[PDB]
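Worksheet: one structure, shown below.
Numbering (the numbering used here), first residue to last: 8 to 36.
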């Protein structure tokens, strides 16, 4: 999983994507 586009696309709605162990966790508001 990407650790830049995942969180970047999550930034769109003030969301954050935690990329860890190849696992991106997008968290929207």
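Where is the CB? At the ideal position from N, CA and C, for every residue including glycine.
Can you give the Cα-Cα distance for residue i and residue j, rounded to whole angstroms?
i, j, result
"residue 30", "residue 13", "10 Å"
"residue 17", "residue 28", "18 Å"
Between residue i and residue j, which are expected to be in contact by the criterion C-beta below 8 Å, what is the C-beta distance as a whole number of angstroms?
i, j, result
"residue 26", "residue 9", "7 Å"
"residue 22", "residue 36", "6 Å"
Please list, in chain order, all residues of the same chain as residue i whose beta carbon is under 7 Å from its beta carbon, the five residues on each side excluded.
i, result
"residue 20", "35 and 36"
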